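Because the Cβ atoms are built from the backbone with ideal geometry, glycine has one as well, and the counts that use them run over all protein chains shown. Just so it is clear, none of the values below were taken in a lab; they were calculated from the coordinates.
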There are 4 protein chains.
Amino acid sequence: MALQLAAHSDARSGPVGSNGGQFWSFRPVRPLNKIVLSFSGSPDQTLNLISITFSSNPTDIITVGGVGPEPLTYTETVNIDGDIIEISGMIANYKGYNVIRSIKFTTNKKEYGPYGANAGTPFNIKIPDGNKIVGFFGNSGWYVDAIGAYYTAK
Amino acid sequence: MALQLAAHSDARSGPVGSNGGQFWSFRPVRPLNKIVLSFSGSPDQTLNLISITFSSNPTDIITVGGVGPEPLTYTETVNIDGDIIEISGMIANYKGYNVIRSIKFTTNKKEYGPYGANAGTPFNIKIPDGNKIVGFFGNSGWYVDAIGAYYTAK
Amino acid sequence: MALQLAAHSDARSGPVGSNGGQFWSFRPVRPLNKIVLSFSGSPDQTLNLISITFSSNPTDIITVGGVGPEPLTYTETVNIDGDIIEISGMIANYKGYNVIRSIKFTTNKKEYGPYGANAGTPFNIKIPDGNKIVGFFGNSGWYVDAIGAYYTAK
Amino acid sequence: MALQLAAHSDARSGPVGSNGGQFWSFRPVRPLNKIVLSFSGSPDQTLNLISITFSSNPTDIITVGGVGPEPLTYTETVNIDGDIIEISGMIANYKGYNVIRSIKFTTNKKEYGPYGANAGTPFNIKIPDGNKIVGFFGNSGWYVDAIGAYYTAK
Ligand SMILES: CO[C@H]1O[C@H](CO)[C@H](O)[C@H](O)[C@H]1O
Ligand SMILES: CO[C@H]1O[C@H](CO)[C@H](O)[C@H](O)[C@H]1O
Ligand SMILES: CO[C@H]1O[C@H](CO)[C@H](O)[C@H](O)[C@H]1O
Ligand SMILES: CO[C@H]1O[C@H](CO)[C@H](O)[C@H](O)[C@H]1O
C-alpha cells in the first residue's frame with residue numbers, strides 16, 4: 001500500500017575546477033547562512049585557499065579540502081544575508097594541483113569577496129533568474145579542487 | 001583564455017521501479033515528440049511491456065529494454081502533443097523481475113494511456129507547477145526496470 | 001590556462017520512498033561514522049522515525065526531517081564500524097505521508113538495525129561488489145520522505 | 001507490494017566547457033560505437049564544430065548542437081572500436097560563445113582524432129582504471145557548449 005511518488009533532485013551547475021580525490025556534497029534543508037574559507041599563507045603576501053566550511057543554522061555543517069598536513073594560518077568568514085545566486089573566482093596551480101584559489105559569493109542584495117589569491121583562470125557559476133543556490137558539491141583533497149552548486153526556484 | 005562558466009544539469013524526478021542491468025538516459029535538445037511502447041502478449045488479453053522507444057525529430061532516438069530474445073507482438077505508438085508534465089503507471093512482476101508494466105503520459109494538451117497491464121504497485125512522476133518533462137532515464141535489461149524524468153521551467 | 005580536467009560525481013542508488021518538501025544531500029570527504037535516528041513514540045510500543053542526523057568526524061553533520069511540531073522522544077545512535085555497503089528498511093504511511101519508517105545499515109563488519117517500525121513496504125539500497133556507500137541524499141520535510149546513497153569503488 | 005530495489009545512476013565526469021541553452025544527455029544500453037562530428041568552415045583553413053551525433057548504431061542516436069542557421073560543410077565519422085576511456089580537446093570562442101572546438105577519443109584499442117580546431121584552452125575527461133565511458137551529457141544550442149561523460153566499471 002505504498003505509491004511510488006517519484007522523489008526529486010535539484011538542478012546542478014558545474015562543477016568547474018579540476019578532478020580531485022573525493023566527491024563532496026552538501027545541500028542542507030534550510031538556507032546556507034555562513035561560509036568559512038581557510039587559508040595558509042598571509043594577506044600581506046599570498047593567501048592559499050585550503051578548505052571551505054559551509055553551514056546552515058542551527059547545526060548543519062561540512063568542511064571540504066584541508067585533509068592534508070599543511071597548517072592553516074588565516075580564515076575569512078562570510079555571513080550570508082539571503083540567497084546566494086552567483087559565485088565566481090579563480091583557478092590556479094598550488095603545490096602541483098590546479099585548485100580553487102579565490103571565491104566571491106553574490107546574493108540578491110550583496111557581494112562578498114573575492115577572497116584568496118585572485119589570479120589565474122576565472123570561473124563563474126550563474127543560475128536562471130528567479131532561482132536560488134541551495135547547496136554546493138565538488139571534488140577535494142588537500143585543497144578544494146572543483147565546485148558546483150545545487151539550485152532551485154524562488 | 002576561456003571562462004569556466006559552469007554548465008547546468010536539469011533537475012530529476014525518480015527513478016521509480018527497480019534496479020536493472022544498465023542505467024539509460026535520454027534528454028534531447030528538441031521536444032520529445034513520439035514514444036513507441038513495445039509488448040509481447042495480446043491487446044486482446046494481457047500486454048507485457050518489453051521496451052520503450054523515445055524519439056525527437058528529426059533523428060534523435062533511443063530504445064531501452066528489449067535486449068532479450070522474446071519476440072514483440074504489439075506496439076503502441078504515442079504521438080506527443082504538448083509538453084509532458086506527468087507520468088504514472090504500475091510496477092509488477094514479469095518473468096522473474098519487477099518491471100514497469102503500464103505507463104500513462106499526461107501533457108498540457110492530452111492524456112495518453114495507461115498502456116500495458118494496469119495492475120500492480122502504482123508510481124507517479126509529478127513536477128512543480130510551471131515545469132515540463134524534457135527527458136527520461138532509468139534502468140533496463142530484458143524489460144524496462146526503472147524510469148525517472150528530467151524536468152525544467154517552461 | 002588551467003586544464004579543465006573534468007571532475008567526478010559519484011554513482012547514485014535510489015532514491016526510494018516518496019517526494020518531499022526539500023531535496024537534501026550529504027557526502028562528506030571522510031567516512032560517515034555516526035548516524036542518529038530520532039523518533040516520536042516509544043520502543044516498547046511503536047517508534048515513529050522523524051529525523052536522521054548523519055555525521056563524519058571531526059565536525060561534518062547534517063540533520064534531515066524534524067521540521068514539524070511533533071516532539072521527539074527516543075533516539076538510536078549508530079556508531080558505524082567499517083564501510084557501509086547496504087541499507088534496507090520499510091516505507092509506510094505516517095500521518096498522511098508515505099515515509100521511511102525503519103532503517104538498517106550494513107557495513108562490511110556489522111549490521112545495525114532495523115531501527116523504527118519495521119512494517120510496510122520494504123526497500124533495499126544495494127550496490128555492486130567492491131563498492132561502498134560514501135554519502136546519502138533524499139527528500140525530507142516534517143519526516144524523512146526519501147533516501148538514496150552515493151557509492152564508489154573500494 | 002513491490003520491493004523498492006533502489007535503481008542506480010552512473011557516475012559522472014564533467015561537464016567541461018560553458019553553460020548553454022539546453023541540457024542534453026545520452027546513455028544508451030548498448031556500447032557507443034559511432035560518433036559523427038559536423039562542422040562549418042574548411043578542413044584546410046579552420047573547422048568550426050557545430051554539432052555532434054552520438055550513436056549506438058543502429059538503434060540509438062542523438063544530435064546535440066546545430067539547431068541554428070549555419071550550414072554544415074564537412075563531417076568526420078568515427079567508428080569506435082572498444083571502450084572509450086578518455087576524451088580530450090580544446091574550448092574556444094566561436095561567434096560569441098566559448099564552445100567545444102576539437103575532440104579526441106581514446107579507447108582501450110586506439111586513439112581517434114583530434115578532430116576540429118586546434119586552438120583555445122584544453123579539457124580532458126579521464127576515469128578510474130578499469131572503467132569505461134558509457135554515455136555523454138552536456139549543454140548545447142547552436143553549437144556544443146559543454147560535455148561530460150557517464151562511466152561505470154568494466
Ligand atoms: C595531494 O593529493 C590530494 O589532494 C589533491 C588536491 O586537493 C587532489 O584532490 C588529489 O586527488 C588528492 O589525492
Ligand atoms: C534478464 O535479466 C536482465 O533483464 C532484467 C529485466 O529487465 C534486469 O535488467 C536484469 O538486471 C538484466 O540482467
Ligand atoms: C507537512 O508537509 C511537509 O512534510 C512532509 C513529510 O515529511 C513532506 O516533506 C511535505 O512535502 C512537506 O511539505
Ligand atoms: C545562439 O545562442 C544559443 O546557442 C549558444 C551556443 O551553442 C548557447 O547554447 C546559447 O545559450 C543558445 O541560446
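Applying the set (1) within 16 Å of ligand 3 (Cβ to nearest atom); (2) part of a strand (DSSP E or B) to B:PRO128 leaves exactly one unmet item: (2).
Do we have any residue at all in the stretch D:57-65 that's out of contact with any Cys (no Cβ under 8 Å at 6 or more places or on another chain) and farther than 25 Å from B:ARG27 by Cβ? No, because not a single residue in the stretch D:57-65 is out of contact with any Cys (no Cβ under 8 Å at 6 or more places or on another chain) and farther than 25 Å from B:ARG27 by Cβ. For residues in the stretch D:104-154 being of a type in the set (S, T, N, Q) and within 12 Å of chain B (Cβ to nearest Cβ), which is nearest to A:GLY20 (Cα to Cα)? The selected residue is D:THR152. Screening A:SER55 against (1) free of Cβ contacts under 8 Å to residues at least 60 places away in the same chain; (2) within 12 Å of the chain's Cα centre (by Cα); (3) within 16 Å of ligand 1 (Cβ to nearest atom); (4) within 11 Å of chain C (Cβ to nearest Cβ) leaves a single unmet condition, (3). If we keep just the residues of the stretch B:106-120 that are in a loop (DSSP other than H, G, I, E, B) and polar (S, T, N, Q), which is surrounded by the fewest Cβ atoms within 10 Å (Cβ to Cβ)? For the stretch B:106-120, the residue satisfying everything is B:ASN108. Is one or more of the residues making up the stretch C:3-11 of a type in the set (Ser, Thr, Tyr) and either within 16 Å of ligand 1 (Cβ to nearest atom) or surrounded by 24 or more Cβ atoms within 10 Å (Cβ to Cβ) (or both)? So far as the stretch C:3-11 goes, yes, one or more of its residues are of a type in the set (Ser, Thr, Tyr) and either within 16 Å of ligand 1 (Cβ to nearest atom) or surrounded by 24 or more Cβ atoms within 10 Å (Cβ to Cβ) (or both).
Residues are listed down the side, and each one gets a yes or a no for (1) more than 8 Å from chain B (Cβ to nearest Cβ); (2) surrounded by fewer than 24 Cβ atoms within 10 Å (Cβ to Cβ); (3) within 16 Å of ligand 3 (Cβ to nearest atom); (4) not in a loop (DSSP other than H, G, I, E, B):
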residue: D:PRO15; (1), (2), (3), (4): no, no, no, yes
residue: D:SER25; (1), (2), (3), (4): no, no, no, yes
residue: D:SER40; (1), (2), (3), (4): yes, yes, no, yes
residue: D:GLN45; (1), (2), (3), (4): yes, yes, no, no
residue: D:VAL64; (1), (2), (3), (4): no, no, no, yes
residue: D:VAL67; (1), (2), (3), (4): no, yes, no, no
residue: D:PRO71; (1), (2), (3), (4): yes, yes, no, no
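A single member of A:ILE62, A:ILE125 is more than 16 Å from ligand 2 (Cβ to nearest atom), touching an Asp or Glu at 6+ places or on another chain (Cβ under 7 Å) and free of Cβ contacts under 8 Å to residues at least 40 places away in the same chain, and it is A:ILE62. As a summary of the residue check, D:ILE84 satisfies the conditions (1) within 11 Å of another protein chain (Cβ to nearest Cβ); (2) buried (at least 22 other Cβ atoms within 10 Å of the Cβ) except for the one numbered (1).
For C:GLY148, are the conditions met, namely being closer than 23 Å to A:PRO28 by Cβ, over 12 Å from the mean Cα position of the chain (by Cα), of a type in the set (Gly, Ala, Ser) and away from ligand 4 (no atom under 16 Å from the Cβ)? Here the answer is no, as C:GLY148 does not meet what is asked. Consider the stretch B:129-143 and keep the residues that are of a type outside the set (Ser, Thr, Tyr) and within 12 Å of the chain's Cα centre (by Cα). The one that is farthest from ligand 4 (Cβ to nearest atom) is B:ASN139. Please tell me if C:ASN93 is touching a residue at least 60 places away in the same chain (Cβ under 8 Å), part of a strand (DSSP E or B) and over 12 Å from the mean Cα position of the chain (by Cα). Answer is no for this residue.
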